[PDB]
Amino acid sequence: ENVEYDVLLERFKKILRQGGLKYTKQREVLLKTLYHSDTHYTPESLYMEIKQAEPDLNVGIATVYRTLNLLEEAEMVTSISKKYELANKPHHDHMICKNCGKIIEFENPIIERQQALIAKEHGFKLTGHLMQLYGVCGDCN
């Protein structure tokens, strides 16, 4: 499965709940619609796309408006202005000891460059990634 999405969803559900907006089916469609697309939305266009694709949601423009606002304040979305898209914050990678749970955070520039080469080579624009290494530390063996 797409791990990036599950992390985005968890984080979305958390922002809603913390901000005291309900987590509903309408909001989940809304997050999916922003994740799976490559274009920027106004509240008006995001509402139309959702209304058009899932008519039985009875999505209203106010939920869309208020969610976008909550997401912007949480830095989950960026705004070009109106016009929004999910933020892609750069991040590091992790190595996890299977025994004691010690974690090493790292970023290896040679690996980062190869990932961009793999993407270029198959015509992908590279947008995100996840890397974890699992092992046993020196102390645990």
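Numbers follow the displayed sequence, beginning with 1.
- According to the entry, the stretch of the deposited sequence that connects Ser81 to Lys82 contains 4 to 9 residues lacking coordinates, which leaves a gap of moderate length in the model.
- The stretch 82-90 shows the higher mean C-alpha B-factor when 82-90 is compared against 106-114 in the entry.
- Checked against the record, the higher mean CA B factor of 23-31 and 91-99 lies with 23-31.
- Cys140: CA B factor lies in the highest third for its chain, per the PDB record.
- Annotation for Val64: CA B-factor lies in the lowest third of the chain's modelled residues.
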